[PDB]
Amino acid sequence: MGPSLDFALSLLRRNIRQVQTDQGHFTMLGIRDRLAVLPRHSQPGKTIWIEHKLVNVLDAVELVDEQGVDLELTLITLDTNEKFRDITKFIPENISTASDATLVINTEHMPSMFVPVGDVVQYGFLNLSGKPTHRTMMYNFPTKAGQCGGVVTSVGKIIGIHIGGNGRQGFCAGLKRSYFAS
Ligand SMILES: CCOC(=O)CC[C@H](C[C@@H]1CCNC1=O)NC(=O)[C@@H](CC(=O)[C@@H](NC(=O)c1cc(C)on1)C(C)C)Cc1ccc(F)cc1
């Protein structure tokens, strides 16, 4: 509710970017330095649109956890002029569920949008259009196409990235701090 909403708003300007790839429109969380995270499904190429600018991509590396499981997110590094404000400290050391979370969407079509998704609960194994992953979490909210990459936040942590849904529920890849270690 209110507390996750205001924390979510504090991330928006400095860290939550509108992007476009050949696959469509996505929300992108910048984490630190020139490092950001996107859904694998966005399939970033050699350039990517960020806000109004076509930006060269330094690399895109699929995020695979310490158990060898693809998390369906890719870590992208960018030929941006400025570094992102470092939000490492807001990514929890442990994958975290949360009550009354906020999902932040920021795309050209859904700009600066805060979605009260309610409680985010453990889900675990998830088969997303035939691609299996784990460590996912679920919220009973009817998320939509165009919300992938959306940032799931608690009172003061960034807990997940929206990756899929079935029309009545939504699912995020869980985040923990070690995923972003250099
Ligand atoms: C570029 C445009 O594409 C997009 O908009 C990305 C947006 C949507 C957001 C969905 C869109 C709808 N409700 C939502 O919240 N995401 C996907 O579509 C994903 C597929 C699903 O959500 C599928 N769901 C399940 O499999 C699923 C399983 C359970 C359990 O619940 N849902 C549905 C398409 C059927 C794409 C994907 C494929 C393979 C993966 F490794 C990982 C992801």
# chains A, B, ... in the order shown; residues from 1 in each chain; ligands from 1
>>> closest_atom_pairs(of="chain A", to="ligand 1", cutoff="8 Å", atoms="only C-alpha atoms and all ligand atoms", output="JSON lines")
{"residue": "A:23", "atom": "CA", "partner": "ligand 1", "partner_atom_place_in_ligand_line": "1 (C)", "distance": 4.8}
{"residue": "A:24", "atom": "CA", "partner": "ligand 1", "partner_atom_place_in_ligand_line": "1 (C)", "distance": 4.8}
{"residue": "A:25", "atom": "CA", "partner": "ligand 1", "partner_atom_place_in_ligand_line": "1 (C)", "distance": 6.7}
{"residue": "A:26", "atom": "CA", "partner": "ligand 1", "partner_atom_place_in_ligand_line": "1 (C)", "distance": 7.7}
{"residue": "A:39", "atom": "CA", "partner": "ligand 1", "partner_atom_place_in_ligand_line": "43 (C)", "distance": 7.3}
{"residue": "A:40", "atom": "CA", "partner": "ligand 1", "partner_atom_place_in_ligand_line": "42 (C)", "distance": 6.9}
{"residue": "A:41", "atom": "CA", "partner": "ligand 1", "partner_atom_place_in_ligand_line": "43 (C)", "distance": 5.5}
{"residue": "A:42", "atom": "CA", "partner": "ligand 1", "partner_atom_place_in_ligand_line": "1 (C)", "distance": 6.3}
{"residue": "A:72", "atom": "CA", "partner": "ligand 1", "partner_atom_place_in_ligand_line": "41 (F)", "distance": 5.4}
{"residue": "A:126", "atom": "CA", "partner": "ligand 1", "partner_atom_place_in_ligand_line": "30 (C)", "distance": 6.0}
{"residue": "A:127", "atom": "CA", "partner": "ligand 1", "partner_atom_place_in_ligand_line": "28 (C)", "distance": 5.7}
{"residue": "A:128", "atom": "CA", "partner": "ligand 1", "partner_atom_place_in_ligand_line": "26 (O)", "distance": 3.5}
{"residue": "A:129", "atom": "CA", "partner": "ligand 1", "partner_atom_place_in_ligand_line": "26 (O)", "distance": 4.0}
{"residue": "A:130", "atom": "CA", "partner": "ligand 1", "partner_atom_place_in_ligand_line": "39 (C)", "distance": 6.7}
{"residue": "A:131", "atom": "CA", "partner": "ligand 1", "partner_atom_place_in_ligand_line": "41 (F)", "distance": 4.3}
{"residue": "A:132", "atom": "CA", "partner": "ligand 1", "partner_atom_place_in_ligand_line": "41 (F)", "distance": 6.5}
{"residue": "A:133", "atom": "CA", "partner": "ligand 1", "partner_atom_place_in_ligand_line": "41 (F)", "distance": 7.2}
{"residue": "A:142", "atom": "CA", "partner": "ligand 1", "partner_atom_place_in_ligand_line": "13 (N)", "distance": 6.9}
{"residue": "A:143", "atom": "CA", "partner": "ligand 1", "partner_atom_place_in_ligand_line": "15 (O)", "distance": 4.1}
{"residue": "A:144", "atom": "CA", "partner": "ligand 1", "partner_atom_place_in_ligand_line": "13 (N)", "distance": 4.0}
{"residue": "A:145", "atom": "CA", "partner": "ligand 1", "partner_atom_place_in_ligand_line": "5 (O)", "distance": 3.3}
{"residue": "A:146", "atom": "CA", "partner": "ligand 1", "partner_atom_place_in_ligand_line": "5 (O)", "distance": 4.1}
{"residue": "A:147", "atom": "CA", "partner": "ligand 1", "partner_atom_place_in_ligand_line": "7 (C)", "distance": 5.7}
{"residue": "A:148", "atom": "CA", "partner": "ligand 1", "partner_atom_place_in_ligand_line": "7 (C)", "distance": 4.7}
{"residue": "A:162", "atom": "CA", "partner": "ligand 1", "partner_atom_place_in_ligand_line": "15 (O)", "distance": 7.2}
{"residue": "A:163", "atom": "CA", "partner": "ligand 1", "partner_atom_place_in_ligand_line": "16 (N)", "distance": 5.2}
{"residue": "A:164", "atom": "CA", "partner": "ligand 1", "partner_atom_place_in_ligand_line": "22 (O)", "distance": 3.2}
{"residue": "A:165", "atom": "CA", "partner": "ligand 1", "partner_atom_place_in_ligand_line": "15 (O)", "distance": 3.5}
{"residue": "A:166", "atom": "CA", "partner": "ligand 1", "partner_atom_place_in_ligand_line": "32 (N)", "distance": 3.8}
{"residue": "A:167", "atom": "CA", "partner": "ligand 1", "partner_atom_place_in_ligand_line": "13 (N)", "distance": 5.2}
{"residue": "A:168", "atom": "CA", "partner": "ligand 1", "partner_atom_place_in_ligand_line": "13 (N)", "distance": 7.7}
{"residue": "A:169", "atom": "CA", "partner": "ligand 1", "partner_atom_place_in_ligand_line": "31 (O)", "distance": 6.7}
{"residue": "A:170", "atom": "CA", "partner": "ligand 1", "partner_atom_place_in_ligand_line": "15 (O)", "distance": 5.0}
{"residue": "A:171", "atom": "CA", "partner": "ligand 1", "partner_atom_place_in_ligand_line": "15 (O)", "distance": 6.9}
>>> write_last_selection(atoms="N, CA, C and O atoms", output="tab-separated table (two decimals), in the first residue's frame")
chain	number	residue	atom	x	y	z
A	23	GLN	N	11.04	-6.94	-29.68
A	23	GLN	CA	9.96	-7.70	-29.08
A	23	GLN	C	8.85	-6.83	-28.52
A	23	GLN	O	7.77	-7.36	-28.23
A	24	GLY	N	9.09	-5.55	-28.30
A	24	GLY	CA	8.05	-4.68	-27.80
A	24	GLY	C	8.55	-3.81	-26.67
A	24	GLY	O	9.75	-3.54	-26.56
A	25	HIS	N	7.61	-3.37	-25.84
A	25	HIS	CA	7.87	-2.40	-24.79
A	25	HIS	C	8.05	-3.11	-23.47
A	25	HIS	O	7.30	-4.05	-23.15
A	26	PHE	N	9.04	-2.67	-22.70
A	26	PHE	CA	9.36	-3.27	-21.41
A	26	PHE	C	9.76	-2.19	-20.42
A	26	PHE	O	10.16	-1.09	-20.80
A	39	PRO	N	13.59	-8.68	-18.77
A	39	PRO	CA	13.14	-10.06	-19.00
A	39	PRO	C	13.87	-10.64	-20.20
A	39	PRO	O	14.11	-9.95	-21.19
A	40	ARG	N	14.24	-11.92	-20.08
A	40	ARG	CA	14.81	-12.65	-21.21
A	40	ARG	C	13.95	-12.49	-22.46
A	40	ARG	O	14.48	-12.33	-23.57
A	41	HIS	N	12.63	-12.50	-22.28
A	41	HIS	CA	11.68	-12.42	-23.37
A	41	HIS	C	11.81	-11.15	-24.20
A	41	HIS	O	11.29	-11.10	-25.33
A	42	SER	N	12.47	-10.11	-23.68
A	42	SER	CA	12.66	-8.88	-24.45
A	42	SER	C	13.71	-9.04	-25.54
A	42	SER	O	13.72	-8.24	-26.48
A	72	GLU	N	15.19	-16.38	-16.44
A	72	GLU	CA	14.38	-15.72	-17.45
A	72	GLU	C	14.52	-14.20	-17.38
A	72	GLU	O	13.61	-13.46	-17.77
A	126	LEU	N	8.02	-22.74	-11.98
A	126	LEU	CA	7.07	-22.13	-12.91
A	126	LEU	C	7.45	-22.51	-14.32
A	126	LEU	O	8.61	-22.36	-14.72
A	127	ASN	N	6.47	-23.00	-15.08
A	127	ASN	CA	6.65	-23.32	-16.49
A	127	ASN	C	5.99	-22.19	-17.26
A	127	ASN	O	4.77	-22.12	-17.36
A	128	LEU	N	6.82	-21.34	-17.85
A	128	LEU	CA	6.36	-20.12	-18.51
A	128	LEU	C	6.42	-20.36	-20.01
A	128	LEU	O	7.50	-20.33	-20.60
A	129	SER	N	5.26	-20.59	-20.63
A	129	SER	CA	5.18	-20.88	-22.06
A	129	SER	C	6.19	-21.96	-22.46
A	129	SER	O	6.92	-21.82	-23.44
A	130	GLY	N	6.26	-23.02	-21.64
A	130	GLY	CA	7.16	-24.12	-21.90
A	130	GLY	C	8.59	-23.94	-21.42
A	130	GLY	O	9.42	-24.84	-21.64
A	131	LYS	N	8.92	-22.82	-20.78
A	131	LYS	CA	10.27	-22.62	-20.29
A	131	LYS	C	10.26	-22.70	-18.77
A	131	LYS	O	9.67	-21.83	-18.11
A	132	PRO	N	10.87	-23.71	-18.16
A	132	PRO	CA	10.80	-23.87	-16.71
A	132	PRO	C	11.84	-23.01	-15.99
A	132	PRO	O	12.96	-22.81	-16.45
A	133	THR	N	11.42	-22.49	-14.84
A	133	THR	CA	12.32	-21.74	-13.97
A	133	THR	C	11.88	-22.00	-12.53
A	133	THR	O	10.95	-22.77	-12.28
A	142	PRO	N	-4.56	-9.44	-11.90
A	142	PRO	CA	-4.61	-9.74	-13.35
A	142	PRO	C	-3.63	-8.91	-14.18
A	142	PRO	O	-3.98	-7.97	-14.90
A	143	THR	N	-2.35	-9.26	-14.08
A	143	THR	CA	-1.33	-8.58	-14.85
A	143	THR	C	-1.51	-8.85	-16.34
A	143	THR	O	-2.20	-9.80	-16.75
A	144	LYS	N	-0.89	-7.99	-17.15
A	144	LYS	CA	-1.15	-7.95	-18.57
A	144	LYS	C	0.14	-7.92	-19.36
A	144	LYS	O	1.21	-7.57	-18.85
A	145	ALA	N	0.01	-8.26	-20.64
A	145	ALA	CA	1.06	-8.00	-21.62
A	145	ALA	C	1.48	-6.55	-21.53
A	145	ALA	O	0.66	-5.66	-21.29
A	146	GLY	N	2.76	-6.32	-21.71
A	146	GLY	CA	3.31	-5.00	-21.57
A	146	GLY	C	3.78	-4.65	-20.18
A	146	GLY	O	4.38	-3.59	-20.01
A	147	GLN	N	3.54	-5.50	-19.19
A	147	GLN	CA	4.00	-5.26	-17.83
A	147	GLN	C	5.26	-6.05	-17.50
A	147	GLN	O	5.75	-5.97	-16.38
A	148	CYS	N	5.81	-6.77	-18.46
A	148	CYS	CA	7.02	-7.52	-18.15
A	148	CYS	C	8.21	-6.59	-17.98
A	148	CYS	O	8.35	-5.58	-18.69
A	162	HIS	N	8.67	-8.69	-12.92
A	162	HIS	CA	7.49	-9.34	-13.49
A	162	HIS	C	7.84	-10.04	-14.81
A	162	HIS	O	8.40	-9.42	-15.72
A	163	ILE	N	7.47	-11.32	-14.91
A	163	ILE	CA	7.80	-12.10	-16.11
A	163	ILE	C	6.61	-12.78	-16.75
A	163	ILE	O	6.70	-13.16	-17.93
A	164	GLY	N	5.47	-12.98	-16.09
A	164	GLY	CA	4.40	-13.71	-16.75
A	164	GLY	C	3.13	-13.70	-15.93
A	164	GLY	O	3.07	-13.16	-14.83
A	165	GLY	N	2.09	-14.32	-16.50
A	165	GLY	CA	0.80	-14.39	-15.84
A	165	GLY	C	-0.16	-15.17	-16.70
A	165	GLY	O	0.10	-15.44	-17.88
A	166	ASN	N	-1.31	-15.51	-16.10
A	166	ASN	CA	-2.30	-16.37	-16.74
A	166	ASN	C	-3.65	-15.69	-16.94
A	166	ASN	O	-4.64	-16.38	-17.23
A	167	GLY	N	-3.72	-14.37	-16.78
A	167	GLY	CA	-4.94	-13.61	-16.87
A	167	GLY	C	-5.51	-13.21	-15.53
A	167	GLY	O	-6.16	-12.15	-15.43
A	168	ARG	N	-5.29	-14.01	-14.50
A	168	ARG	CA	-5.77	-13.69	-13.17
A	168	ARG	C	-4.68	-13.55	-12.13
A	168	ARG	O	-4.92	-12.92	-11.10
A	169	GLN	N	-3.48	-14.09	-12.38
A	169	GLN	CA	-2.36	-14.00	-11.46
A	169	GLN	C	-1.14	-13.54	-12.23
A	169	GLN	O	-1.04	-13.71	-13.45
A	170	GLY	N	-0.19	-12.99	-11.49
A	170	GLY	CA	1.09	-12.59	-12.07
A	170	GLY	C	2.24	-13.23	-11.34
A	170	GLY	O	2.11	-13.60	-10.16
A	171	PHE	N	3.39	-13.34	-12.00
A	171	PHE	CA	4.54	-14.04	-11.47
A	171	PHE	C	5.78	-13.21	-11.73
A	171	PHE	O	5.96	-12.68	-12.83
>>> residues_around(residues="stretch 92-102 of chain A", least_positions_apart="6", cutoff="10 Å", atoms="only C-alpha atoms", output="JSON, numbers by chain")
{"A": [1, 2, 3, 4, 5, 6, 7, 8, 9, 113, 114, 115, 116, 117, 118, 119, 120, 121, 122, 123, 135, 136, 137, 138, 139, 150, 151, 152, 153, 154, 155, 156, 157, 158, 159, 160, 173, 174, 175, 176, 177, 178, 179]}
>>> write_last_selection(atoms="C-alpha atoms", output="PDB file, in the first residue's frame")
ATOM      1  CA  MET A   1       0.000   0.000   0.000  1.00  0.00           C
ATOM      2  CA  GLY A   2       1.171   3.503   0.936  1.00  0.00           C
ATOM      3  CA  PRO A   3       4.654   2.550   2.160  1.00  0.00           C
ATOM      4  CA  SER A   4       5.586   0.308  -0.757  1.00  0.00           C
ATOM      5  CA  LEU A   5       4.049   2.929  -3.083  1.00  0.00           C
ATOM      6  CA  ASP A   6       6.229   5.793  -1.849  1.00  0.00           C
ATOM      7  CA  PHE A   7       9.377   3.667  -1.866  1.00  0.00           C
ATOM      8  CA  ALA A   8       8.460   2.521  -5.367  1.00  0.00           C
ATOM      9  CA  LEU A   9       8.051   6.155  -6.433  1.00  0.00           C
ATOM     10  CA  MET A 113       2.289   3.248 -13.368  1.00  0.00           C
ATOM     11  CA  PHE A 114       2.018   1.864  -9.805  1.00  0.00           C
ATOM     12  CA  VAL A 115      -0.048  -1.310  -9.515  1.00  0.00           C
ATOM     13  CA  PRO A 116      -1.147  -2.482  -6.041  1.00  0.00           C
ATOM     14  CA  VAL A 117      -0.701  -6.220  -6.536  1.00  0.00           C
ATOM     15  CA  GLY A 118      -1.377  -7.215  -2.933  1.00  0.00           C
ATOM     16  CA  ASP A 119       0.495  -9.984  -1.192  1.00  0.00           C
ATOM     17  CA  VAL A 120       3.430 -11.553  -3.036  1.00  0.00           C
ATOM     18  CA  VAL A 121       3.759 -15.191  -1.992  1.00  0.00           C
ATOM     19  CA  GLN A 122       6.130 -18.042  -2.715  1.00  0.00           C
ATOM     20  CA  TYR A 123       5.367 -19.984  -5.874  1.00  0.00           C
ATOM     21  CA  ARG A 135      12.345 -19.228  -7.204  1.00  0.00           C
ATOM     22  CA  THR A 136       9.342 -17.375  -8.571  1.00  0.00           C
ATOM     23  CA  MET A 137       6.712 -15.551  -6.585  1.00  0.00           C
ATOM     24  CA  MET A 138       3.050 -14.937  -7.283  1.00  0.00           C
ATOM     25  CA  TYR A 139       0.485 -12.215  -6.791  1.00  0.00           C
ATOM     26  CA  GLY A 150       7.902  -4.351 -14.040  1.00  0.00           C
ATOM     27  CA  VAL A 151       9.536  -3.894 -10.665  1.00  0.00           C
ATOM     28  CA  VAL A 152       7.952  -5.590  -7.635  1.00  0.00           C
ATOM     29  CA  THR A 153       8.656  -3.677  -4.414  1.00  0.00           C
ATOM     30  CA  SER A 154       8.017  -4.065  -0.683  1.00  0.00           C
ATOM     31  CA  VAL A 155       8.149  -1.344   1.984  1.00  0.00           C
ATOM     32  CA  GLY A 156      11.849  -0.859   1.273  1.00  0.00           C
ATOM     33  CA  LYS A 157      13.177  -3.636  -0.968  1.00  0.00           C
ATOM     34  CA  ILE A 158      13.130  -4.547  -4.652  1.00  0.00           C
ATOM     35  CA  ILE A 159      11.970  -8.157  -4.518  1.00  0.00           C
ATOM     36  CA  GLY A 160      11.204  -9.259  -8.077  1.00  0.00           C
ATOM     37  CA  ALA A 173      11.464 -13.764 -10.862  1.00  0.00           C
ATOM     38  CA  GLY A 174      12.763 -13.295  -7.338  1.00  0.00           C
ATOM     39  CA  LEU A 175      15.771 -11.036  -6.808  1.00  0.00           C
ATOM     40  CA  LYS A 176      18.583 -11.306  -4.328  1.00  0.00           C
ATOM     41  CA  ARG A 177      21.682  -9.179  -4.031  1.00  0.00           C
ATOM     42  CA  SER A 178      24.235 -11.828  -5.052  1.00  0.00           C
ATOM     43  CA  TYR A 179      22.701 -12.006  -8.544  1.00  0.00           C
TER      44      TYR A 179
END
>>> select_by_dssp(residues="stretch 47-121 of chain A", states="strand (DSSP E or B)", output="ChimeraX atom specification")
/A:47-50,53-64,70-78,84,98-105,113-121
>>> residues_around(residues="residue A:27", least_positions_apart="5", cutoff="7 Å", atoms="only C-alpha atoms", output="list in words")
residues 16, 17, 18, 19, 105, 106, 107, 148, 149 and 150 of chain A
>>> write_last_selection(atoms="C-alpha atoms", output="short mmCIF file (atom, residue, chain, number, x, y, z; two decimals), in the first residue's frame")
data_model
loop_
_atom_site.label_atom_id
_atom_site.label_comp_id
_atom_site.auth_asym_id
_atom_site.auth_seq_id
_atom_site.Cartn_x
_atom_site.Cartn_y
_atom_site.Cartn_z
CA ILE A 16 13.15 2.52 -13.72
CA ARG A 17 13.36 3.13 -17.46
CA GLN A 18 11.03 2.80 -20.43
CA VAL A 19 12.61 0.56 -23.07
CA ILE A 105 5.47 -0.32 -14.73
CA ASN A 106 7.17 2.30 -16.88
CA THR A 107 6.80 1.91 -20.65
CA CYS A 148 7.02 -7.52 -18.15
CA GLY A 149 10.12 -6.08 -16.56
CA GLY A 150 7.90 -4.35 -14.04
#
>>> residues_around(residues="residue A:83", least_positions_apart="3", cutoff="10 Å", atoms="only C-alpha atoms", output="ChimeraX atom specification")
/A:14,30-35,78-80,86
>>> atom_distance(atom1="atom CA of residue A:60", atom2="atom CA of residue A:75")
5.5 Å
>>> select_by_dssp(residues="stretch 32-177 of chain A", states="helix (DSSP H, G or I)", output="list in words")
residues 40, 41, 42, 88, 89, 90 and 177 of chain A
>>> write_last_selection(atoms="C-alpha atoms", output="PDB file, in the first residue's frame")
ATOM      1  CA  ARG A  40      14.813 -12.652 -21.215  1.00  0.00           C
ATOM      2  CA  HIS A  41      11.676 -12.423 -23.374  1.00  0.00           C
ATOM      3  CA  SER A  42      12.659  -8.884 -24.453  1.00  0.00           C
ATOM      4  CA  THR A  88      22.216  -2.769  -4.640  1.00  0.00           C
ATOM      5  CA  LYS A  89      21.398  -2.123  -0.982  1.00  0.00           C
ATOM      6  CA  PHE A  90      17.665  -2.273  -1.714  1.00  0.00           C
ATOM      7  CA  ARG A 177      21.682  -9.179  -4.031  1.00  0.00           C
TER       8      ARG A 177
END
>>> closest_residue(among="A:21, A:11, A:182, A:140", to="residue A:51", atoms="only C-alpha atoms")
A:21
>>> atom_distance(atom1="atom CA of residue A:64", atom2="atom CA of residue A:112")
28.9 Å
>>> atom_distance(atom1="atom CA of residue A:110", atom2="atom CA of residue A:134")
27.7 Å
